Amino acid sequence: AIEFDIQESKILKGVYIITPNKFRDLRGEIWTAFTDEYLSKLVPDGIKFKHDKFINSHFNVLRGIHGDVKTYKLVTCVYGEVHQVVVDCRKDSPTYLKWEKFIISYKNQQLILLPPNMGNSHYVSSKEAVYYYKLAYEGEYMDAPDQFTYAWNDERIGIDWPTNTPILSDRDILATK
């Protein structure tokens, strides 16, 4: 019954697009976002998905670009719509500072796996959105002080966003200067 299509990105090595199946009828939809059996093999042995988070954001909010040295992230949108943008922040990568966009609609389920040293960002194109992500890492959670931040509009990255005037946290503003 439960299934996952798993494709590697054609642009960024190590980034995977996971597409679950669902039971859909007129009443709504039911689906499995993760099982340990099918998806734990996306991260190397000894590192476990052990942390689930949600971000409720309003229209025109942009969060990013955030990353750290050890955390794998499995991300999606379970209500509304986001422009999810993954940035290659691995300095030893031949695609360093290239990016890939997924427009993730809660009607079309797509989970994106980001390895460590990748930049995570998203922009809310719907009225509200709910962003779900699982984190896999060893040891303590890497909070804001232990993360790096690239500016949402860094010209070296050149991300194509739907606006020039998003709503940004003070952290995400600070990175523009």
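Numbering starts at 1 and runs along the sequence shown.
- Mean CA B-factor, 22-30 versus 133-141: the higher value falls on 22-30.
- In this entry, 37-45 shows the higher mean Cα temperature factor of the pair 37-45 and 50-58.
- When the CA B factors of the chain's modelled residues are split into thirds, the value for residue 118 lands in the lowest one.
- In the deposited entry, the Cα temperature factor of residue 151 places it in the middle third of its chain's modelled residues.
- Ranked by C-alpha B-factor against the other modelled residues of its chain, residue 107 falls in the middle third.
- Per-chain ranking of the deposited C-alpha B factor places residue 76 in the lowest third.
- Among the modelled residues of its chain, residue 98 has a C-alpha B-factor that falls in the highest third, as given in the PDB entry.
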